[PDB]
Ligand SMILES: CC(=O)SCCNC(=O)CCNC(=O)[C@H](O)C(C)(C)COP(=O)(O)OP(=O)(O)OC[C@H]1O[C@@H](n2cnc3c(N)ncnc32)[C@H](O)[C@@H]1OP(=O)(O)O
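Just one chain is shown here, as structure tokens, and it is the form deposited without acetyl coenzyme *A (ACO).
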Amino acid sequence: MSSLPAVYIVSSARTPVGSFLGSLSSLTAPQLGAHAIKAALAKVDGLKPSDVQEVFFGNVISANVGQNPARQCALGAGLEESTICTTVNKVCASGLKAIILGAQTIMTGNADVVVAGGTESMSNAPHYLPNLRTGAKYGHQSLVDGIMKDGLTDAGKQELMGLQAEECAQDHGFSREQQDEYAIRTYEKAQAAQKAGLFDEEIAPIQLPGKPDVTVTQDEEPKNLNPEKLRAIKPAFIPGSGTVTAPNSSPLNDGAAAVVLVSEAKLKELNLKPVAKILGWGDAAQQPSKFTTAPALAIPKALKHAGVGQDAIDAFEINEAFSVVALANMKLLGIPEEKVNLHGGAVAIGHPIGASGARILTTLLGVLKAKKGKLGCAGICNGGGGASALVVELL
């Protein structure tokens, strides 16, 4: 990092995270993303929506969303038609890479005010008919599930992410029981944070037109913890000897999250109060079926970029694609669980894939405040072999 123009986070906001075909399933991904952008900008005293110059928004399963999901998010949030808008896809890391690109655009001097984040409506992912143009003369055909194909299946092995999670349990020696106790713990932390009001600030509730109106205030998944059923359920990907289950994996989910970034000159020009400063970031990648432990490369790289030692981080967000992913990255990096996902993680909160990268950053800012920490680091792995990480200082 060192001597480049500083980048400040002046706000952040997220939708509640809805369950698959659940509370938010009637909204499109641009609708969720617009809602988060609008709510992030409303929090900045002295910054107008018309000051936003550029948007990078993550989104993975973009089929049937329409032209440029980010542009639709931005216009739907009331930004000016002059706003530059780009949609980003690095699968599960899309939301964080979007924020990195936003910070880079300020650093290279091409913008002073950037909104970045991500959105996903997994409920509204369609099915594909791939061969209607040239036809298929004879034989049964397939309707491809867009979630499986473009979100959850490794391209080279043609295996779903749960089988990569099983590789992870084998590679790093985590049993069914260890994965279940981790998942119970992270559900408990998410429920405790919920009940204590600790998500109230970051969440922007959604009002659904009515019957009268419906208001969605809370993330849908945390309440679902039942530890007896969790410990008793059959494994989801390998019969008999499997370790990965639907309880101890992240679910399929709907949601969006956004941050507002400004340059140092704009912070002073508009007399803005920054929430946090971006200190650095890192992307890394390894063998695609081992994407589960790519954060163990991206996190040290972000820390080096930021000029910060790992021990000085007060809180980590390690995205819980599966419970085994958190366990393996904690083991490889030597990070105690006492510093990880202090308000729960994606296993209990949900995982709307194009949004999760920005979602955990929003939650991390809340964790640092609630726990009186200064330095935080978010790390998220992604299908294909990659991971992205970011370091922030709460001001």
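Start at 1 with the first residue shown and count on from there.
Another form, the form deposited with acetyl coenzyme *A (ACO) bound, is not on view; read the next lines as being about it.
Figure note: of the listed segments 90-98, 293-301, 194-202, 309-317, the one touching acetyl coenzyme *A (ACO) in the deposited complex, with heavy atoms no more than 4.5 Å away, is 90-98. Contact annotation: of the candidates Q218, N224, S289, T86, the single residue with a non-hydrogen atom within 4.5 angstroms of acetyl coenzyme *A (ACO) in the deposited complex is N224.
Out of the listed residues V144, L75, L230, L272, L230 is the one that sits within 4.5 Å of acetyl coenzyme *A (ACO) in the deposited complex by at least one heavy atom. With a 4.5 Å cutoff on heavy atoms, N382 counts as touching acetyl coenzyme *A (ACO) in the deposited complex. None of the heavy atoms of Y128 is located within 4.5 Å of acetyl coenzyme *A (ACO) in the deposited complex. In the deposited complex, acetyl coenzyme *A (ACO) stays beyond 4.5 Å of every heavy atom belonging to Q179. Although the partner is absent here, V260 lies well away from acetyl coenzyme *A (ACO) in the deposited complex, with no heavy atom inside 4.5 Å. Annotation: in the deposited complex, residues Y8, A34 and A355 none come within 4.5 Å of acetyl coenzyme *A (ACO) through any heavy atom. The partner is not shown here, but in the deposited complex the stretch 138-176 reaches within 4.5 angstroms of acetyl coenzyme *A (ACO) through a heavy atom at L152, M161.
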